[PDB]
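Okay, entry_37.cif is below, mmCIF, C-alpha atoms and all ligand atoms:
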```cif
data_input
loop_
_atom_site.group_PDB
_atom_site.id
_atom_site.type_symbol
_atom_site.label_atom_id
_atom_site.label_comp_id
_atom_site.auth_asym_id
_atom_site.auth_seq_id
_atom_site.Cartn_x
_atom_site.Cartn_y
_atom_site.Cartn_z
ATOM 1 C CA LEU J 34 136.795 -64.461 253.167
ATOM 2 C CA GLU J 35 134.767 -65.851 256.018
ATOM 3 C CA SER J 36 137.457 -65.630 258.673
ATOM 4 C CA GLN J 37 137.436 -61.835 258.202
ATOM 5 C CA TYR J 38 133.686 -61.360 258.669
ATOM 6 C CA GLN J 39 131.007 -62.699 260.984
ATOM 7 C CA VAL J 40 127.717 -63.173 259.115
ATOM 8 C CA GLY J 41 124.440 -62.103 260.716
ATOM 9 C CA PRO J 42 120.819 -62.130 259.545
ATOM 10 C CA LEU J 43 119.677 -61.833 255.961
ATOM 11 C CA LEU J 44 118.592 -58.206 255.510
ATOM 12 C CA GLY J 45 116.977 -58.687 252.128
ATOM 13 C CA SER J 46 117.166 -60.278 248.738
ATOM 14 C CA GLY J 47 116.021 -59.487 245.229
ATOM 15 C CA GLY J 48 117.332 -58.514 241.815
ATOM 16 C CA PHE J 49 120.353 -57.091 243.631
ATOM 17 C CA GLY J 50 121.132 -60.523 245.116
ATOM 18 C CA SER J 51 121.222 -61.332 248.837
ATOM 19 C CA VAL J 52 122.374 -58.882 251.507
ATOM 20 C CA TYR J 53 123.315 -59.955 255.020
ATOM 21 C CA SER J 54 124.135 -58.035 258.153
ATOM 22 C CA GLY J 55 127.747 -58.588 259.130
ATOM 23 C CA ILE J 56 130.586 -57.559 261.412
ATOM 24 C CA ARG J 57 134.216 -57.083 260.436
ATOM 25 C CA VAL J 58 135.976 -58.963 263.212
ATOM 26 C CA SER J 59 139.309 -57.097 263.235
ATOM 27 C CA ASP J 60 137.501 -54.034 264.639
ATOM 28 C CA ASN J 61 133.767 -54.954 264.937
ATOM 29 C CA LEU J 62 132.812 -52.484 262.222
ATOM 30 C CA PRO J 63 129.225 -53.100 261.065
ATOM 31 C CA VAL J 64 129.050 -54.173 257.415
ATOM 32 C CA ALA J 65 126.575 -55.452 254.863
ATOM 33 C CA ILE J 66 127.640 -58.541 252.915
ATOM 34 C CA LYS J 67 126.166 -58.849 249.422
ATOM 35 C CA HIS J 68 126.264 -62.005 247.279
ATOM 36 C CA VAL J 69 125.575 -61.892 243.538
ATOM 37 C CA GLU J 70 125.652 -65.019 241.387
ATOM 38 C CA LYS J 71 127.878 -64.663 238.327
ATOM 39 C CA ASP J 72 125.296 -66.147 235.956
ATOM 40 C CA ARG J 73 122.781 -63.469 237.045
ATOM 41 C CA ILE J 74 125.068 -60.498 236.272
ATOM 42 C CA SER J 75 124.389 -58.961 232.841
ATOM 43 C CA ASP J 76 126.801 -56.006 232.407
ATOM 44 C CA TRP J 77 130.433 -56.548 233.405
ATOM 45 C CA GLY J 78 132.939 -53.766 233.756
ATOM 46 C CA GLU J 79 136.609 -54.324 234.372
ATOM 47 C CA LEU J 80 139.034 -52.589 236.695
ATOM 48 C CA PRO J 81 142.179 -50.811 235.473
ATOM 49 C CA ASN J 82 144.617 -53.638 236.388
ATOM 50 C CA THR J 84 140.502 -57.922 235.694
ATOM 51 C CA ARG J 85 136.931 -58.736 234.784
ATOM 52 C CA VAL J 86 134.308 -57.736 237.347
ATOM 53 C CA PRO J 87 130.633 -56.836 237.806
ATOM 54 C CA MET J 88 129.962 -53.313 236.547
ATOM 55 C CA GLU J 89 128.645 -52.633 240.046
ATOM 56 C CA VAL J 90 132.143 -52.898 241.547
ATOM 57 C CA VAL J 91 133.549 -50.628 238.836
ATOM 58 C CA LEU J 92 131.008 -47.914 239.637
ATOM 59 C CA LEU J 93 131.214 -48.299 243.414
ATOM 60 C CA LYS J 94 134.994 -47.865 243.356
ATOM 61 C CA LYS J 95 134.571 -44.732 241.282
ATOM 62 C CA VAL J 96 132.232 -43.181 243.878
ATOM 63 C CA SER J 97 133.550 -44.761 247.076
ATOM 64 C CA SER J 98 136.530 -42.458 247.554
ATOM 65 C CA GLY J 99 135.927 -39.789 250.185
ATOM 66 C CA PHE J 100 132.723 -39.201 252.103
ATOM 67 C CA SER J 101 129.298 -38.868 250.560
ATOM 68 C CA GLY J 102 125.705 -40.109 250.704
ATOM 69 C CA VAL J 103 126.644 -43.241 248.783
ATOM 70 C CA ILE J 104 127.118 -46.520 250.607
ATOM 71 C CA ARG J 105 130.814 -47.160 250.228
ATOM 72 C CA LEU J 106 132.464 -50.380 249.063
ATOM 73 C CA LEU J 107 134.959 -51.583 251.672
ATOM 74 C CA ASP J 108 136.110 -54.769 249.961
ATOM 75 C CA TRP J 109 135.067 -57.489 247.531
ATOM 76 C CA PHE J 110 135.912 -61.160 246.897
ATOM 77 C CA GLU J 111 135.534 -63.464 243.913
ATOM 78 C CA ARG J 112 134.109 -66.987 244.396
ATOM 79 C CA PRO J 113 133.738 -69.692 241.714
ATOM 80 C CA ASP J 114 130.080 -68.845 240.952
ATOM 81 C CA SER J 115 129.524 -65.523 242.702
ATOM 82 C CA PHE J 116 130.949 -62.194 243.803
ATOM 83 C CA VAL J 117 130.776 -60.991 247.405
ATOM 84 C CA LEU J 118 130.756 -57.266 248.272
ATOM 85 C CA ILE J 119 131.587 -55.769 251.650
ATOM 86 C CA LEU J 120 129.597 -52.568 252.106
ATOM 87 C CA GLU J 121 129.276 -50.192 255.007
ATOM 88 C CA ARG J 122 126.254 -50.532 257.256
ATOM 89 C CA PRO J 123 124.764 -47.735 259.377
ATOM 90 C CA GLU J 124 123.113 -48.756 262.639
ATOM 91 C CA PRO J 125 120.214 -48.316 263.017
ATOM 92 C CA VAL J 126 119.188 -48.093 259.348
ATOM 93 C CA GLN J 127 115.957 -48.344 257.382
ATOM 94 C CA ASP J 128 115.265 -48.567 253.661
ATOM 95 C CA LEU J 129 113.327 -45.494 252.496
ATOM 96 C CA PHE J 130 110.754 -47.829 250.921
ATOM 97 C CA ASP J 131 109.934 -49.475 254.256
ATOM 98 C CA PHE J 132 110.046 -46.030 255.854
ATOM 99 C CA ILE J 133 107.386 -44.757 253.430
ATOM 100 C CA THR J 134 105.345 -47.957 253.812
ATOM 101 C CA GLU J 135 105.222 -47.243 257.556
ATOM 102 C CA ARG J 136 104.583 -43.490 257.655
ATOM 103 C CA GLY J 137 102.673 -42.832 254.441
ATOM 104 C CA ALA J 138 103.102 -39.482 252.723
ATOM 105 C CA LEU J 139 105.919 -37.467 254.305
ATOM 106 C CA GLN J 140 105.718 -33.913 255.615
ATOM 107 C CA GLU J 141 107.163 -31.571 252.992
ATOM 108 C CA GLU J 142 109.884 -30.488 255.428
ATOM 109 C CA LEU J 143 111.155 -34.056 255.758
ATOM 110 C CA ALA J 144 110.773 -34.748 252.028
ATOM 111 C CA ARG J 145 112.787 -31.586 251.221
ATOM 112 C CA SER J 146 115.709 -32.686 253.413
ATOM 113 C CA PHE J 147 115.609 -36.243 252.064
ATOM 114 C CA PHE J 148 115.265 -35.017 248.482
ATOM 115 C CA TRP J 149 118.100 -32.497 248.937
ATOM 116 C CA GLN J 150 120.393 -35.234 250.232
ATOM 117 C CA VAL J 151 119.476 -37.469 247.286
ATOM 118 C CA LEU J 152 120.311 -34.687 244.824
ATOM 119 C CA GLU J 153 123.660 -34.104 246.559
ATOM 120 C CA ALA J 154 124.387 -37.837 246.341
ATOM 121 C CA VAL J 155 123.418 -38.172 242.686
ATOM 122 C CA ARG J 156 125.507 -35.094 241.821
ATOM 123 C CA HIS J 157 128.497 -36.743 243.497
ATOM 124 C CA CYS J 158 127.895 -39.894 241.447
ATOM 125 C CA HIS J 159 127.766 -37.845 238.249
ATOM 126 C CA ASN J 160 131.023 -36.002 239.041
ATOM 127 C CA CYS J 161 132.718 -39.379 239.470
ATOM 128 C CA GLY J 162 131.424 -40.388 236.026
ATOM 129 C CA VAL J 163 128.731 -42.773 237.324
ATOM 130 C CA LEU J 164 125.095 -42.941 236.236
ATOM 131 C CA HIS J 165 122.958 -44.850 238.746
ATOM 132 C CA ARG J 166 120.005 -45.642 236.465
ATOM 133 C CA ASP J 167 117.787 -47.023 239.215
ATOM 134 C CA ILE J 168 117.079 -44.153 241.613
ATOM 135 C CA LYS J 169 114.039 -45.061 243.749
ATOM 136 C CA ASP J 170 113.046 -45.267 247.423
ATOM 137 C CA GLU J 171 114.111 -48.926 247.658
ATOM 138 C CA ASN J 172 117.656 -47.944 246.706
ATOM 139 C CA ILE J 173 118.010 -45.331 249.462
ATOM 140 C CA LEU J 174 118.968 -46.070 253.072
ATOM 141 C CA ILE J 175 118.261 -43.859 256.079
ATOM 142 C CA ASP J 176 120.936 -43.648 258.765
ATOM 143 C CA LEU J 177 118.286 -43.078 261.411
ATOM 144 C CA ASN J 178 120.584 -41.603 264.042
ATOM 145 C CA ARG J 179 122.368 -39.077 261.849
ATOM 146 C CA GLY J 180 119.459 -38.388 259.481
ATOM 147 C CA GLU J 181 121.691 -39.042 256.443
ATOM 148 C CA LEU J 182 120.491 -40.791 253.288
ATOM 149 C CA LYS J 183 122.718 -43.223 251.418
ATOM 150 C CA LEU J 184 122.304 -44.495 247.868
ATOM 151 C CA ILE J 185 122.694 -48.231 247.188
ATOM 152 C CA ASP J 186 122.425 -50.830 244.417
ATOM 153 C CA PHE J 187 124.543 -49.785 241.470
ATOM 154 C CA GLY J 188 123.933 -53.094 239.681
ATOM 155 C CA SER J 189 121.936 -51.372 236.910
ATOM 156 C CA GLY J 190 124.233 -48.379 236.468
ATOM 157 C CA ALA J 191 126.707 -47.313 233.807
ATOM 158 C CA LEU J 192 129.618 -45.021 233.189
ATOM 159 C CA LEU J 193 128.213 -41.544 232.619
ATOM 160 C CA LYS J 194 128.357 -40.400 228.993
ATOM 161 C CA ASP J 195 126.997 -37.567 226.866
ATOM 162 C CA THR J 196 125.743 -39.784 224.009
ATOM 163 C CA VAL J 197 122.428 -41.637 223.987
ATOM 164 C CA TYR J 198 121.755 -44.781 226.015
ATOM 165 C CA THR J 199 119.874 -47.529 224.216
ATOM 166 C CA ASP J 200 119.991 -50.076 227.067
ATOM 167 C CA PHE J 201 118.083 -50.005 230.349
ATOM 168 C CA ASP J 202 117.662 -52.636 233.063
ATOM 169 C CA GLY J 203 116.361 -50.525 235.973
ATOM 170 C CA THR J 204 112.895 -49.992 237.388
ATOM 171 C CA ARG J 205 110.391 -49.404 234.589
ATOM 172 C CA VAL J 206 107.788 -47.340 236.496
ATOM 173 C CA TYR J 207 110.652 -44.906 237.269
ATOM 174 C CA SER J 208 111.927 -44.799 233.671
ATOM 175 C CA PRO J 209 111.220 -41.833 231.395
ATOM 176 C CA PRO J 210 108.732 -41.682 228.518
ATOM 177 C CA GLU J 211 111.462 -41.474 225.889
ATOM 178 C CA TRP J 212 112.663 -44.897 227.061
ATOM 179 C CA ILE J 213 109.145 -46.399 226.797
ATOM 180 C CA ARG J 214 108.401 -45.090 223.265
ATOM 181 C CA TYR J 215 111.842 -45.067 221.628
ATOM 182 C CA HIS J 216 114.215 -47.080 223.852
ATOM 183 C CA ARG J 217 116.564 -44.044 223.946
ATOM 184 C CA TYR J 218 117.510 -41.647 226.737
ATOM 185 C CA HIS J 219 120.351 -39.483 227.983
ATOM 186 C CA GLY J 220 121.780 -39.987 231.422
ATOM 187 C CA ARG J 221 120.967 -36.836 233.298
ATOM 188 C CA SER J 222 117.463 -36.088 232.025
ATOM 189 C CA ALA J 223 116.379 -39.668 232.641
ATOM 190 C CA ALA J 224 117.843 -39.266 236.134
ATOM 191 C CA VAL J 225 115.854 -36.062 236.645
ATOM 192 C CA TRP J 226 112.665 -37.852 235.562
ATOM 193 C CA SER J 227 113.237 -40.590 238.134
ATOM 194 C CA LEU J 228 113.896 -37.962 240.789
ATOM 195 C CA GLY J 229 110.520 -36.531 239.789
ATOM 196 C CA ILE J 230 108.982 -39.940 240.513
ATOM 197 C CA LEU J 231 110.896 -40.183 243.797
ATOM 198 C CA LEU J 232 109.792 -36.752 245.001
ATOM 199 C CA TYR J 233 106.157 -37.520 244.172
ATOM 200 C CA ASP J 234 106.478 -40.863 246.004
ATOM 201 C CA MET J 235 107.762 -39.123 249.145
ATOM 202 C CA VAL J 236 105.065 -36.446 249.355
ATOM 203 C CA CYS J 237 102.154 -38.707 248.313
ATOM 204 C CA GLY J 238 103.280 -42.089 249.702
ATOM 205 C CA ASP J 239 103.168 -43.827 246.309
ATOM 206 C CA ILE J 240 104.520 -43.553 242.773
ATOM 207 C CA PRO J 241 102.382 -41.523 240.336
ATOM 208 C CA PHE J 242 102.450 -43.893 237.363
ATOM 209 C CA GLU J 243 101.706 -47.607 237.234
ATOM 210 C CA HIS J 244 101.463 -48.270 233.482
ATOM 211 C CA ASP J 245 103.264 -47.297 230.280
ATOM 212 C CA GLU J 246 100.381 -45.125 229.013
ATOM 213 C CA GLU J 247 100.395 -43.068 232.209
ATOM 214 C CA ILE J 248 104.167 -42.594 231.818
ATOM 215 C CA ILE J 249 103.738 -41.589 228.152
ATOM 216 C CA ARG J 250 100.837 -39.247 228.896
ATOM 217 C CA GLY J 251 102.829 -37.664 231.752
ATOM 218 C CA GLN J 252 99.813 -36.096 233.483
ATOM 219 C CA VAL J 253 100.423 -35.875 237.223
ATOM 220 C CA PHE J 254 97.473 -36.126 239.609
ATOM 221 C CA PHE J 255 97.945 -35.407 243.304
ATOM 222 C CA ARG J 256 96.000 -37.627 245.710
ATOM 223 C CA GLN J 257 97.369 -35.783 248.772
ATOM 224 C CA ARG J 258 97.575 -32.120 249.691
ATOM 225 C CA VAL J 259 100.919 -30.859 248.360
ATOM 226 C CA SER J 260 102.076 -27.240 248.177
ATOM 227 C CA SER J 261 101.972 -25.496 244.826
ATOM 228 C CA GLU J 262 105.764 -25.147 244.787
ATOM 229 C CA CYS J 263 106.318 -28.860 245.351
ATOM 230 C CA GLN J 264 103.747 -29.665 242.666
ATOM 231 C CA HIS J 265 105.483 -27.262 240.264
ATOM 232 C CA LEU J 266 108.910 -28.878 240.865
ATOM 233 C CA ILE J 267 107.512 -32.386 240.454
ATOM 234 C CA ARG J 268 105.896 -31.463 237.143
ATOM 235 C CA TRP J 269 109.061 -29.766 235.927
ATOM 236 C CA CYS J 270 111.089 -32.950 236.587
ATOM 237 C CA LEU J 271 108.339 -34.948 234.829
ATOM 238 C CA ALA J 272 108.422 -32.760 231.710
ATOM 239 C CA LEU J 273 107.704 -35.007 228.725
ATOM 240 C CA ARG J 274 110.505 -33.590 226.560
ATOM 241 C CA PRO J 275 113.862 -34.433 228.226
ATOM 242 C CA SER J 276 115.208 -30.964 227.377
ATOM 243 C CA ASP J 277 112.288 -29.359 229.209
ATOM 244 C CA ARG J 278 113.504 -31.007 232.448
ATOM 245 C CA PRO J 279 115.486 -28.978 235.007
ATOM 246 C CA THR J 280 119.214 -29.332 235.532
ATOM 247 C CA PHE J 281 120.458 -30.488 238.936
ATOM 248 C CA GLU J 282 121.239 -26.835 239.599
ATOM 249 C CA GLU J 283 117.746 -25.654 238.656
ATOM 250 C CA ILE J 284 116.259 -28.229 241.035
ATOM 251 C CA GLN J 285 118.374 -27.015 243.950
ATOM 252 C CA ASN J 286 117.645 -23.359 243.171
ATOM 253 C CA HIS J 287 113.896 -24.045 242.905
ATOM 254 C CA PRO J 288 111.868 -22.177 245.560
ATOM 255 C CA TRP J 289 110.586 -25.444 247.119
ATOM 256 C CA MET J 290 114.186 -26.535 247.845
ATOM 257 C CA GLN J 291 115.136 -23.492 249.951
ATOM 258 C CA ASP J 292 116.071 -23.524 253.671
ATOM 259 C CA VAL J 293 116.709 -27.248 253.939
ATOM 260 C CA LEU J 294 117.255 -28.803 257.315
ATOM 261 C CA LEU J 295 120.662 -30.198 258.128
ATOM 262 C CA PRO J 296 120.632 -34.014 258.456
ATOM 263 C CA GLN J 297 121.036 -34.164 262.248
ATOM 264 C CA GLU J 298 118.221 -31.614 262.545
ATOM 265 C CA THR J 299 116.160 -33.905 260.331
ATOM 266 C CA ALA J 300 116.750 -36.796 262.708
ATOM 267 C CA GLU J 301 115.934 -34.774 265.829
ATOM 268 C CA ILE J 302 112.621 -33.461 264.452
ATOM 269 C CA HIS J 303 111.392 -36.310 262.270
ATOM 270 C CA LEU J 304 113.156 -39.545 263.270
ATOM 271 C CA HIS J 305 113.009 -39.411 267.099
ATOM 272 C CA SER J 306 116.801 -39.029 267.562
HETATM 273 N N1 LIG J 401 122.938 -51.701 256.048
HETATM 274 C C1 LIG J 401 123.026 -51.861 254.929
HETATM 275 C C2 LIG J 401 123.139 -52.060 253.521
HETATM 276 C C3 LIG J 401 124.345 -51.795 252.885
HETATM 277 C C4 LIG J 401 124.437 -51.994 251.517
HETATM 278 N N2 LIG J 401 123.307 -52.452 250.838
HETATM 279 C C5 LIG J 401 122.169 -52.691 251.504
HETATM 280 N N3 LIG J 401 120.987 -53.124 251.074
HETATM 281 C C6 LIG J 401 120.197 -53.196 252.134
HETATM 282 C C7 LIG J 401 118.926 -53.583 252.107
HETATM 283 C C8 LIG J 401 118.338 -53.936 250.898
HETATM 284 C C9 LIG J 401 117.008 -54.339 250.863
HETATM 285 C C10 LIG J 401 116.268 -54.391 252.037
HETATM 286 N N4 LIG J 401 114.988 -54.780 252.001
HETATM 287 C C11 LIG J 401 114.265 -55.260 253.186
HETATM 288 C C12 LIG J 401 112.820 -54.791 253.130
HETATM 289 N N5 LIG J 401 112.103 -55.270 251.933
HETATM 290 C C13 LIG J 401 112.860 -54.698 250.802
HETATM 291 C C14 LIG J 401 114.307 -55.163 250.758
HETATM 292 C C15 LIG J 401 116.855 -54.040 253.247
HETATM 293 C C16 LIG J 401 118.184 -53.635 253.281
HETATM 294 C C17 LIG J 401 120.856 -52.810 253.218
HETATM 295 C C18 LIG J 401 122.089 -52.496 252.826
#
```
Just give me the structure as structure tokens.
Ligand SMILES: N#Cc1ccnc2[nH]c(-c3ccc(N4CCNCC4)cc3)cc12
Amino acid sequence: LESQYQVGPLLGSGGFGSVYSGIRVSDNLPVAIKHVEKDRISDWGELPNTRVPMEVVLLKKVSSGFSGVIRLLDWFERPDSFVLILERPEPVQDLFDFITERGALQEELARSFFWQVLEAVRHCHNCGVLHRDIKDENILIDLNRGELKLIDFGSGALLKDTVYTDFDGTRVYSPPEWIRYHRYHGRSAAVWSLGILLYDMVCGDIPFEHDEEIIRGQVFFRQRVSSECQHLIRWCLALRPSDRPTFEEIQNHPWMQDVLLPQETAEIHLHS
């Protein structure tokens, strides 16, 4: 409803729709207002009571309590579109633009960011939600608190233990078993994409541009990267899904030890 919110600038637009900066007028809470056209939504969930975008289903499942997931505050239906009201940190920067600006990240900052992503994805998985499009574009930095927040569930699914045969996320982040066989399981495809994400943070760019590089799965480092970080990246990018580490094995890996707290991260690395 437009009496409830005051619309500000367009923050961005893409396959997720159009996202505007906004202010809830009853208390001047900062929000992000996202518009998605009905005809451009492919997978529809439905809530326990009416037919909705799958994205709202998944967001409600993960929006209870605190976490590093942008939380859904409200939504509205319009004749041709859905409108989502999402929280907005201030100041905030997409991790993609952040990497564009700074290049390859110091391993200390990548570790903290990567740790927070793992914690956020784990939370999603405990709520029964598979994101399916983990990448730097879908991660926001709360610059003051040094906290990362996951966004854009419009390609996700309910988590399940059987095989997925559909995928509509980012291809250069998708695993080799999707490219060759159009089949994957939720968590090991998620680990693969986290492998891509970690590489992207410590090298400033994704390791694979084409299907054959994905399928060959050979990782070449164009920046200096510690042997432990290299070993973790290659473990997540194991060609056989069952050779990939569990979430727990990632967080017990030697490269993941002694993480900074998020406010520490901001004070040291984000000028807080
Ligand atoms: N604040 C906030 C917020 C809350 C929920 N979803 C978002 N997407 C975005 C967002 C999405 C995309 C972009 N960009 C702008 C830079 N080019 C890539 C697309 C910038 C911001 C922000 C938010």
Give one line per residue of chain J that approaches ligand LIG 401 (chain J) to at most 8 Å, naming the two atoms of the closest pair and their distance in Å to one decimal, counting all atoms listed in the file; sort by chain then ascending residue number and deliver it as a Markdown table.
```
| residue | atom | partner | partner_atom | distance |
| --- | --- | --- | --- | --- |
| J:44 | CA | J:LIG401 | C15 | 5.0 |
| J:45 | CA | J:LIG401 | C10 | 4.4 |
| J:46 | CA | J:LIG401 | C14 | 6.2 |
| J:47 | CA | J:LIG401 | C14 | 7.2 |
| J:52 | CA | J:LIG401 | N3 | 5.9 |
| J:53 | CA | J:LIG401 | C17 | 7.8 |
| J:54 | CA | J:LIG401 | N1 | 6.8 |
| J:64 | CA | J:LIG401 | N1 | 6.7 |
| J:65 | CA | J:LIG401 | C3 | 4.7 |
| J:66 | CA | J:LIG401 | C4 | 7.4 |
| J:67 | CA | J:LIG401 | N2 | 7.1 |
| J:104 | CA | J:LIG401 | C4 | 6.2 |
| J:120 | CA | J:LIG401 | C4 | 5.2 |
| J:121 | CA | J:LIG401 | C3 | 5.6 |
| J:122 | CA | J:LIG401 | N1 | 3.7 |
| J:123 | CA | J:LIG401 | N1 | 5.5 |
| J:124 | CA | J:LIG401 | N1 | 7.2 |
| J:126 | CA | J:LIG401 | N1 | 6.2 |
| J:127 | CA | J:LIG401 | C16 | 7.1 |
| J:128 | CA | J:LIG401 | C15 | 5.7 |
| J:130 | CA | J:LIG401 | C13 | 7.2 |
| J:131 | CA | J:LIG401 | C12 | 6.2 |
| J:171 | CA | J:LIG401 | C13 | 6.7 |
| J:172 | CA | J:LIG401 | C8 | 7.3 |
| J:174 | CA | J:LIG401 | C17 | 7.0 |
| J:185 | CA | J:LIG401 | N2 | 5.6 |
| J:186 | CA | J:LIG401 | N2 | 6.7 |
```
Pull C-alpha atoms from the residues just selected and write them as a short mmCIF file (atom, residue, chain, number, x, y, z; two decimals), keeping the file's coordinate frame.
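Once written, again18.cif looks like this:
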```
data_model
loop_
_atom_site.label_atom_id
_atom_site.label_comp_id
_atom_site.auth_asym_id
_atom_site.auth_seq_id
_atom_site.Cartn_x
_atom_site.Cartn_y
_atom_site.Cartn_z
CA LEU J 44 118.59 -58.21 255.51
CA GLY J 45 116.98 -58.69 252.13
CA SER J 46 117.17 -60.28 248.74
CA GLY J 47 116.02 -59.49 245.23
CA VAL J 52 122.37 -58.88 251.51
CA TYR J 53 123.32 -59.96 255.02
CA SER J 54 124.14 -58.04 258.15
CA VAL J 64 129.05 -54.17 257.42
CA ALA J 65 126.58 -55.45 254.86
CA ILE J 66 127.64 -58.54 252.92
CA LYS J 67 126.17 -58.85 249.42
CA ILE J 104 127.12 -46.52 250.61
CA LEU J 120 129.60 -52.57 252.11
CA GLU J 121 129.28 -50.19 255.01
CA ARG J 122 126.25 -50.53 257.26
CA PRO J 123 124.76 -47.74 259.38
CA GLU J 124 123.11 -48.76 262.64
CA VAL J 126 119.19 -48.09 259.35
CA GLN J 127 115.96 -48.34 257.38
CA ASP J 128 115.26 -48.57 253.66
CA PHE J 130 110.75 -47.83 250.92
CA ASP J 131 109.93 -49.48 254.26
CA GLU J 171 114.11 -48.93 247.66
CA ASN J 172 117.66 -47.94 246.71
CA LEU J 174 118.97 -46.07 253.07
CA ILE J 185 122.69 -48.23 247.19
CA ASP J 186 122.42 -50.83 244.42
#
```
In Å, rounded to a single decimal, give me how far CA of residue 224 (chain J) is from CA of residue 195 (chain J).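 Computing it gives 13.1 Å between the two atoms.
With distances restricted to all atoms listed in the file, J:240 is the closest residue to residue 253 (chain J) from J:161, J:154, J:240, J:182.
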When the PyMOL selection byres (((chain J and resi 87) around 12) and not hetatm) is applied to the file above, which residues end up in the set, as JSON, numbers by chain? {"J": [49, 68, 69, 70, 71, 72, 73, 74, 75, 76, 77, 78, 79, 80, 84, 85, 86, 88, 89, 90, 91, 92, 93, 94, 109, 110, 111, 115, 116, 117, 118, 187, 188, 189, 190, 191]}
For a quick check of understanding, using all atoms listed in the file, which of J:210, J:81, J:251, J:203 has the smallest distance to residue 95 (chain J)?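 Of J:210, J:81, J:251, J:203, the one nearest residue 95 (chain J), counting all atoms listed in the file, is J:81.
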Residue 232 (chain J) surroundings by all atoms listed in the file, 12 Å radius, close-in-sequence under 6 positions cut, as a PyMOL selection string: chain J and resi 133+138-141+143-152+168-170+207+225-226+238-241+259+263-271+284+289-290
Residue 302 (chain J) environment, 12 Å, all atoms listed in the file, sequence neighbours closer than 3 positions dropped, as a PyMOL selection string: chain J and resi 140+142-143+146+177-180+294-299+305-306
